[PDB]
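Chemist: Structure provided below as structure tokens; questions to follow.
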Amino acid sequence: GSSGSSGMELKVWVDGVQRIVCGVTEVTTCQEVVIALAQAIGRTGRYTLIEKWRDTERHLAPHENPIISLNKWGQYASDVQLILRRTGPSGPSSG
């Protein structure tokens, strides 16, 4: 399938614990990330990537890039945090 040595660490809150993700790059869109995590933790389904800042929650698109979505802020990019939320329940897995 796909593979890439060079990657970036994306800080995203997963189950209360911020889990790092290696491999994600400017190119890698949000859809590729939101799924990567769900697959890493196990269970799979429909997840999303929300950014929390100064008490502001905003949903992102599956076509929008995670690294880029942040770059925007730049100076105040770090302050912004990521939270993987579920927008839909899981289905029949393992048969």
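We name chains A, B, ... following the order of the structure tokens; residues begin at 1 in each chain, and ligands are numbered from 1 as shown.
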As a PDB file with C-alpha atoms, in the first residue's frame, please: every residue in chain A that a backbone DSSP assignment puts in helix (DSSP H, G or I).

Modeler:
```pdb
ATOM      1  CA  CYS A  30      -7.296  14.989   7.639  1.00  0.00           C
ATOM      2  CA  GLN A  31      -9.209  11.949   6.387  1.00  0.00           C
ATOM      3  CA  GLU A  32      -5.900  10.077   6.269  1.00  0.00           C
ATOM      4  CA  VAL A  33      -5.211  11.092   9.871  1.00  0.00           C
ATOM      5  CA  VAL A  34      -8.609  10.747  11.542  1.00  0.00           C
ATOM      6  CA  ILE A  35      -8.608   7.200  10.174  1.00  0.00           C
ATOM      7  CA  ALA A  36      -4.971   6.442  10.990  1.00  0.00           C
ATOM      8  CA  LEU A  37      -5.667   7.018  14.685  1.00  0.00           C
ATOM      9  CA  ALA A  38      -8.899   5.016  14.802  1.00  0.00           C
ATOM     10  CA  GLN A  39      -6.985   2.167  13.161  1.00  0.00           C
ATOM     11  CA  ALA A  40      -4.070   2.507  15.581  1.00  0.00           C
ATOM     12  CA  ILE A  41      -6.290   2.437  18.667  1.00  0.00           C
ATOM     13  CA  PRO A  66      -4.331  18.660   9.463  1.00  0.00           C
ATOM     14  CA  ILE A  67      -0.897  20.288   9.363  1.00  0.00           C
ATOM     15  CA  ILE A  68      -2.202  23.058   7.108  1.00  0.00           C
ATOM     16  CA  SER A  69      -5.325  23.681   9.187  1.00  0.00           C
ATOM     17  CA  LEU A  70      -2.901  24.636  11.958  1.00  0.00           C
ATOM     18  CA  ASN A  71      -0.209  26.450   9.973  1.00  0.00           C
ATOM     19  CA  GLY A  74       1.246  30.139  12.794  1.00  0.00           C
ATOM     20  CA  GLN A  75       2.258  32.199  15.818  1.00  0.00           C
ATOM     21  CA  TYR A  76      -0.699  30.799  17.757  1.00  0.00           C
TER      22      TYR A  76
END
```

Chemist: Just the residues within 6 Å of residue 47 in chain A, please, counting only C-alpha atoms, with nothing from its chain fewer than 6 positions along; format it as a PyMOL selection string.

Modeler: chain A and resi 34+85-87

Chemist: Store the residues of this selection in a file with C-alpha atoms, as a PDB file, in the first residue's frame.

Modeler:
```
ATOM      1  CA  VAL A  34      -8.609  10.747  11.542  1.00  0.00           C
ATOM      2  CA  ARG A  85     -14.305  12.824  18.154  1.00  0.00           C
ATOM      3  CA  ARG A  86     -16.771  10.266  16.792  1.00  0.00           C
ATOM      4  CA  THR A  87     -19.595  11.487  14.556  1.00  0.00           C
TER       5      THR A  87
END
```

Chemist: Env of residue 25 in chain A: 9 Å cut, atoms = only C-alpha atoms, seq-sep filter 4 positions within chain, self excluded. Answer as a PyMOL selection string.

Modeler: chain A and resi 6-9+29+65-67

Chemist: Between CA of residue 94 in chain A and CA of residue 61 in chain A, what is the spacing in Å?

Modeler: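 Going from CA of residue 61 in chain A over to CA of residue 94 in chain A, I get 28.9 Å.
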
Chemist: So which bits of range 44-74 of chain A end up strand (DSSP E) when you DSSP the backbone, as a PDB file with C-alpha atoms, in the first residue's frame?

Modeler:
```pdb
ATOM      1  CA  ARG A  46     -16.475   7.580  11.235  1.00  0.00           C
ATOM      2  CA  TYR A  47     -14.238   9.986  13.152  1.00  0.00           C
ATOM      3  CA  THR A  48     -13.381  13.678  12.831  1.00  0.00           C
ATOM      4  CA  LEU A  49     -10.716  16.222  13.775  1.00  0.00           C
ATOM      5  CA  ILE A  50     -11.716  19.270  15.818  1.00  0.00           C
ATOM      6  CA  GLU A  51      -9.465  22.131  16.919  1.00  0.00           C
ATOM      7  CA  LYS A  52      -9.891  23.656  20.377  1.00  0.00           C
ATOM      8  CA  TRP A  53      -8.667  27.216  20.924  1.00  0.00           C
ATOM      9  CA  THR A  56     -13.541  27.592  20.369  1.00  0.00           C
ATOM     10  CA  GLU A  57     -14.630  24.330  18.746  1.00  0.00           C
ATOM     11  CA  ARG A  58     -14.567  24.121  14.948  1.00  0.00           C
ATOM     12  CA  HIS A  59     -15.117  21.045  12.778  1.00  0.00           C
TER      13      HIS A  59
END
```

Chemist: Between A:62, A:1, A:79, A:45, which is the closest to residue 93 in chain A once you count only C-alpha atoms?

Modeler: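 Counting only C-alpha atoms, the residue closest to residue 93 in chain A is A:45.
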
Chemist: Could you tell me how far CA of residue 21 in chain A lies from CA of residue 73 in chain A, in Å and to one decimal?

Modeler: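 Pair CA of residue 21 in chain A / CA of residue 73 in chain A returns 20.8 Å.
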